[PDB]
Amino acid sequence: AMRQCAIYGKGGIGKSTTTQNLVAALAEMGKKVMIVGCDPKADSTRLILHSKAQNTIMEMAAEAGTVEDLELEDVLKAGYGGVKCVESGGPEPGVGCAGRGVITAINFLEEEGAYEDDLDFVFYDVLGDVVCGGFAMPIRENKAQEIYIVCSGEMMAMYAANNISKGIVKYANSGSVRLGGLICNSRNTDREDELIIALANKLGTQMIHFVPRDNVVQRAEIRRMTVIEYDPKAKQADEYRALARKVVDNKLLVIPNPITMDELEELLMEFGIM
Amino acid sequence: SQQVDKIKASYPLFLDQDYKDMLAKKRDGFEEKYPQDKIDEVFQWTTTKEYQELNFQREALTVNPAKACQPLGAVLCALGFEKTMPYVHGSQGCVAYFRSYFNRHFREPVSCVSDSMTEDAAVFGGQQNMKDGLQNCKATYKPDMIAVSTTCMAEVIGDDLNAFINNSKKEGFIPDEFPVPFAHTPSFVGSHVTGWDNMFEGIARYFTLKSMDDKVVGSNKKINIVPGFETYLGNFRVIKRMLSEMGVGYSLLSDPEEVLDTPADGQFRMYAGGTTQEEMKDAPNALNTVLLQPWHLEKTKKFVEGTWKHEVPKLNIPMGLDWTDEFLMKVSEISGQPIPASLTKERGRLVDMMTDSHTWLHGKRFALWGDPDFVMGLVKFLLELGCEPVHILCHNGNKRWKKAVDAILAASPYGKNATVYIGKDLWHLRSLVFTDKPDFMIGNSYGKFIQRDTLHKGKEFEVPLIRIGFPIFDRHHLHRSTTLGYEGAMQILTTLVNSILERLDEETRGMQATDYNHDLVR
Amino acid sequence: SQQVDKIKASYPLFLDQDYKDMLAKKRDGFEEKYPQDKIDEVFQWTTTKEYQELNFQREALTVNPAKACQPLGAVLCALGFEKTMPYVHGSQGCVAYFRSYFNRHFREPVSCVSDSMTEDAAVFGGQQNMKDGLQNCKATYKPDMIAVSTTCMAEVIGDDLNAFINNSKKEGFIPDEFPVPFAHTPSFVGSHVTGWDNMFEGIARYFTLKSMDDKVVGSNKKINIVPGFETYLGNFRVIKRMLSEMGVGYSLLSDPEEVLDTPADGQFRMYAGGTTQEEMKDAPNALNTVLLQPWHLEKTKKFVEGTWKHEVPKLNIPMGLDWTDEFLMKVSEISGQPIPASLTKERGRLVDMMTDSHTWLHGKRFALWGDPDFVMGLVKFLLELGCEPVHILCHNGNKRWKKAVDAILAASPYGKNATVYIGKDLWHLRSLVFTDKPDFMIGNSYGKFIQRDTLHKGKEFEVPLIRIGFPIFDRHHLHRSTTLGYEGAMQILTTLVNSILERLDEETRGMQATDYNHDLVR
Amino acid sequence: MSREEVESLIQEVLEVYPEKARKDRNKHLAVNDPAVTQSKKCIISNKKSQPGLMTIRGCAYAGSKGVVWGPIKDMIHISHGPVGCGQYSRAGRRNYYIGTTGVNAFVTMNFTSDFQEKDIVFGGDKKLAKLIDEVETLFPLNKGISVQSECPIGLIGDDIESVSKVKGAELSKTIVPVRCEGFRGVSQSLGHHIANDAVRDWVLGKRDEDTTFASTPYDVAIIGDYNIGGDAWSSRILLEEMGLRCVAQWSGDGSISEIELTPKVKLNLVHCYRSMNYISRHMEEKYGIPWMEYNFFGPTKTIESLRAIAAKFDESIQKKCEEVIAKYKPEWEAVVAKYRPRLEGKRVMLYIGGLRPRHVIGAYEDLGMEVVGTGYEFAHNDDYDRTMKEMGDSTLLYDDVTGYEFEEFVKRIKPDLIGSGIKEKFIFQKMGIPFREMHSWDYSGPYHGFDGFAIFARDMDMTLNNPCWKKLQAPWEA
Ligand SMILES: Nc1ncnc2c1ncn2[C@@H]1O[C@H](COP(=O)(O)OP(=O)(O)O)[C@@H](O)[C@H]1O
Ligand code: CFM
Ligand code: CLF
Ligand code: CLF
Ligand code: SF4
Ligand code: ALF
Ligand SMILES: [Ca+2]
Ligand SMILES: [Ca+2]
Ligand SMILES: [Mg+2]
């Protein structure tokens, strides 16, 4: 048991929202989960904690003097479905270095043994712009074993997806991390499903699932909760339940096969028009 | 001018009248310096309690620190392994500094390499530098191992050392089986000693973590010893000597005494002696592991207990009388070997020296600083001697350590006026030796500037420095000394008393003034 | 007055105003002392070449000699034999001084006995004192042997020691087989080193002269080592270590290292270690005999070659680099043992230190004194370091020795300005350091008074004292040092370079005056 | 001897490097030749160091804070970033000054922000602001502050110039932000440039509108002399003896006010071209002040320089110049008569930074010694162009030499003496080769001017002819 996963993808593509909803589904199935927020903005746990967490590791460590004076209990909180939540934390936009904060945060979790023995899953929710080594911390040796890239039929999102695939290769070749697949978080573009499927095939992976764009997500979000909690009978709620199962039973873990910019342009022209 | 028969270097030379005249004109014409009255006024001010309070209120400014950064320690630790080349991933300016810092203390050659990451490597990452770097080092300096540590630059950008090394191997830059242990050594975390601790744990993990299956505790009948950051050659030697004298099988893990003391015989040896690879791989089979300086071997301890399953004894550094005794008795209990008549005699000789010199050492107030374990050892020994440590400063100390030092101080009547300061620097200590004058101060060469300042206030205010610690740059070959064991205690004791007697002779050398007390027999 | 919290001993105390006023009243009112102007005038005069010339024309007056009398040496020699009680036939006042002289240098107990010859014993001879003396000693202190030496009173009156001891046995005051070796040690002939030589030769004869028949040179495969008058426990220790390191069987005849360094463990040991009687009796069987300080082992040599038939090698004291080399090469040739890698590395390390410190030592001028062998060993080492010995004084040296030293001096470019003096004292040396000022002087504690006199003329005239020799009374535990071998050379080199750097530090400590040269690194 | 053998030696040495490094290093080793006026056809310099080859090079920080700024007496220099850079470089360079350390002078002290993890993660500009306030309180006599950026400051993008401007205006003080992040450039060299630019941008123009300074036709400024062991002072006494008035010395015993007065001088005398050509060129284009390089190492060079300098003024100065030369003639002649016979014909190999490799050659030759090999840690090609004329033919030249290369070169060439840095000193001494530190002068008196030549000669002799060099081999080992 105990599977660690990292979620990556285009900025604002919906990874923090999808993760929390996917996790709420998992807890519904009776799975024990921890979500590790790896983004300066400590917003990867609001729908689960029903509030913006304030006890972030970095801020908590700055107060206690050093991370060495910190303690799990102070930063690790349980929310909906018994889901465990921790937030790396970081500086306000435009100052400091958020990457280093993530390195420090992850090591602290590692050394405090947060990654407990009876967890079924651990999800690292990473920001969209992996602009440095610090944000690859989740996929170093003995961390996440599977990666899921969230994207959409949008040209720029698919480019970010391929681009990230390139960055994964160094880590996948030196370790055991593998790309588990692409999660299409639909944005109503034309022939969107064909686009993602073609890119997945080119990368050598699969389109795990296709989450539809549904404003119910926004209404649930406004009330600080996932769709599974907000409205269990919602059609979208079942979409996440299906995503959860696809994840749980997934056995396809490969090493990204990055394509060139030209190959990507050629792919957009072929499956993008009409 | 110069007299070819008696040439003058800068010191005597610039005291010649023409040079004095010149410097006087330089000052008055273009330096726009503050009047001498203002300078003296401000000087006096910096010696008061009012200034001291402002001084201790500092929150952002550090002045004259008593510590170095992590990588310095990682390098020293790597030098302790056979044919190992310290490799620092990051900027080359660092390595240039680590080498010359050590060159100056040991006055020996210090081999260390860098992969010179520049502007574009800080941007795109330092993986290429690692691939070409490991290949170039191996081919050029033919080491049998490359111990990798980091500069702050590589730490900020989170360069993945493990992934770079693994890919360097996967791509043929170096053989798959070539040992390349590594450690993340943040210049902004801890101090040089933390670097030593991280580097060592990283080396122990590389040779041991994946191969614990066949290991059995106590099977090789030896005792592992981890010295920690040590810059006194005599400390490595006295430990080996005492164990061998007890007929105790031991394995010193990280032993740089040979590379730091090669003979000048017409041949340069980049590598010498050092802890072998086989010794490290076999370490888990030892009966137990002893950590000589526990306060900066915290990470190592956690690894040795969790992975090796050794019940690491709770021992203080073997300095002074009581802690050396405790060390020996523990080693005897772990190895079964009795403490020999030899060591019993050595202990008795130290006690003899203590009794012979106690009247001169009694009540003498000292200010001292250094690394955690060292400083605590000195405090403990000082107390046994009947001395009064009054200002104890450890810049890289922490709260727990301070709590332990306070307990050692409270257990003795001689610790009544002592205070322990952590996170304070030599400018703070400067204030303390003015407002609460000690007879002497014990520390590294950086304290010479403090002795300089105190004398400026007046001869009666001068606080002589007693050179013990790291680094020592203004005296020669003091790195050959010993501070551990009875031997070390004997050396420290001789130095303290004779320093005291020296100063006494200086104060009473005045003829028909103070020489009435210039006794031939002390 | 006194403040109970900060009590003042004589030094700070008599500087208080009231004491000063009182001392002033005492001076002007009843001392009738010469005006200060007159005192300063005569002091200046005593530092001139004119005064020096008068000083050196002394024929009858000796001031501040640098030597002691024979029995002092006899006593040290005896203490080197197992359970032997030094016994000085003569007046008790002698023994009181011998014991307190050694007490103050070793800061250890020194057991010596006297038969207390008073007025009537002087007149009627001291045969009874010997009879009752030998019996009281043997019964009270239970020695295994009593080595008898003499006071000058007993030498003037010609007390026959042999006769007195023989009758002591014949009449039953002490068993006929109890060993009682003896020696005539007149105060008015030679010095303390002569007494060591006479006492040793006396003990060697007692155990060897009458039993030469069954002796075969080289049958025990050992080498005898005669240390001579030695006051550094480290010297005995390094010699033992070097031979054992070479796996050379040896026998040190007269070894007091244990009695002069017993442990303080709640028990007083009057006797410890020492050369056993068996070792002396079997001595003629060794391959050869080496004399560590030949220049004062003249009588011992004559006996060793004439009676033991040993071909004593012509070796100089093993001090410095070259002479330690020669000493090892000679032992290797005599014993057949090659010089081990261990020692070759040690030598290389001495050379490393020499190269690391040569720039601070080059051209430094030294005035020095002590015993013949020691003094010569120092001169040699100084020359090897590129130093300039300028005033070499040996109060108890002779014409032959002087010639030999002048030979060593001419063999080196660094001996150009050196002058050797024999039969001269410390008041003569004092003039030399004023008229031809050296940078430092190396000698025993009596030199401290010369440093005091030089500083009185001015700081720029002060000649600092580096303590090396015998006796050393104002510093503690220096008697544990080592001057022989590479170890001693390393220790001496360390003391010289750091004395130079200490003085340099003192001179450049003046802020905004000389501190421009107060470098952190030297 | 013979470039044929030297070129072969170079090839033999390169045989151990992997292809990539071999090809690169090959461009940095050459056999000198007196006629080439353009060194880019012989050697390339000022390029990145190959990774893992153990070079001797430092960083931009050492170049900025270590050589250019740290010397300045009455300013407080803050090593901004983790403790470390500042600790290793504390009082390691013997740039001598006159002052009361801790009150009006701070050269020998180490001021730092001692960055901890939260300073990197959350930025340190607020810490920098508070640090400046603490400095103003505890050190009221400081006449200015500089903040020398260490590696991390360059990565996280702290806005030091903003803090400098703001606090600067608030306290009415000159606060100079220097972006000398270690990883910038490839050596100490870019740090010199960054340092010069910071002087130009934040200090030099301060008195552009002021005319209260009373100048004379003989005002000069010595720039590029860091007063190592007092080198600048023994140079200054010569210039003032021939009638010139030194209004400023750049960074050796230098004060901020004399830097601000430099734009008023008639001539800028540059000793270290590598580190100070930048500001010299700026003062010429902006203030019209001409500059000229000089060399005070040894009598032939010193006399040549005094005459060339004197020629820039009138006859009264030239007359005094000859008077100065006549005065010292007996003195240096006595130095050569005594030491040349002891040093005559001995061969030397040098390896230093960016000036001395070429500048000290004349002094060596003044003692009859020959420089068989020379090289620089971080010189540019304009430096090598000036080097080919100074070196003899078929001599060896090396740029940013590696440990392995230097060692192997010394083994074959077998020089009688080596002049380099502290990182090389103990290797060669073990090999039994006399070594002299040519950076710190091995803690010995000044080497500039006539008074320094005597100490220079005594030092070279003291070390080269020392008796220890004969004892390296144990007697029992042929
Ligand atoms: N399936 C969906 N349907 C509708 N809106 C969605 C969906 N997924 C995400 N969103 C919206 O997109 C916004 C940003 O997504 P977020 O979870 O922050 O992703 P990222 O972590 O990549 O920024 C959310 O505020 C939410 O309104
Ligand atoms: S290695 Fe000078 S360009 Fe610069 S510190 Fe030494 S050969 Fe420097 S002369 Fe100078 S005072 Fe220097 S000696 Fe130019 S200042 S970066 Mo290391
Ligand atoms: S009882 Fe008293 S101390 Fe003894 S001798 Fe007589 S007066 Fe003098 Fe002098 S020289 Fe040495 S110590 Fe003696 S053996 Fe002669
Ligand atoms: S290239 Fe130069 S010296 Fe190196 S860091 Fe950068 S400016 Fe400074 Fe500083 S603290 Fe220690 S020594 Fe380095 S790891 Fe950081
Ligand atoms: S890109 Fe990353 S390593 Fe660089 S300063 Fe920003 S958060 Fe830090
Ligand atoms: F803007 Al994001 F994950 F919050 F890419
Ligand atoms: Ca050395
Ligand atoms: Ca004693
Ligand atoms: Mg997000």
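Letters A, B, ... are given to chains in the order of the sequence lines, protein chains preceding strands, and every chain is numbered from 1. In each ligand, atom 1 is the first atom listed, and ligand 1 is the first ligand listed.
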Trainee: Is it the case that the side chains of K425(D) and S420(D) hold a donor-acceptor pair, with the cut-off being a distance below 3.5 Å and no angle test?
Mentor: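 No - no donor-acceptor pair under 3.5 Å links their side chains.
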Trainee: Return the set of residues passing side-chain contact (heavy atoms from CB on, under 4.5 Å) with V497(B) (not counting sequence neighbours), or none when no residue passes.
Mentor: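 If we apply the side-chain contact (heavy atoms from CB on, under 4.5 Å) test to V497(B), skipping adjacent residues, the hits are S357(B), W360(B), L361(B), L493(B), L501(B), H476(C).
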Trainee: Looking at residues at least two apart in the chain, or sitting in another chain, which of them share a side chain to side chain donor-acceptor pair (under 3.5 Å) with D459(D)?
Mentor: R436(D), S444(D), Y447(D)
Trainee: Going by atom types alone, do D261(C) and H479(C) pair a side-chain donor with an acceptor below 3.5 Å?
Mentor: no
Trainee: What is the total of protein N/O/S atoms that are closer to the Ca ion (ligand 8) than 3.0 Å?
Mentor: 5
Trainee: Mind listing the closest non-hydrogen atom pair of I422(D) and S100(B) along with its distance?
Mentor: CG2-CB, 3.5 Å
Trainee: Taking the six-membered ring for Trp, is the centroid-to-centroid distance between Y376(D) and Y384(D) below 6.0 Å?
Mentor: yes
Trainee: Which protein residues have a heavy atom under 4.0 Å from ligand 2?
Mentor: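 Within 4.0 Å of ligand 2, the protein residues are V67(D), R93(D), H192(D), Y226(D), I228(D), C272(D), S275(D), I352(D), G353(D), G354(D), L355(D), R356(D), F378(D), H439(D).
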Trainee: I need the minimum non-hydrogen distance between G432(D) and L472(D), along with the two atoms involved.
Mentor: CA-CG, 3.9 Å
Trainee: Given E390(D), which partner from the list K301(D), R358(D), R356(D) fulfils the salt bridge (charged side-chain N to carboxylate O under 4.0 Å, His left out) test?
Mentor: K301(D)
Trainee: Do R349(B) and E487(B) have side chains that approach each other closer than 4.5 Å (heavy atoms only, starting at C-beta)?
Mentor: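 A side-chain contact under 4.5 Å is absent here.
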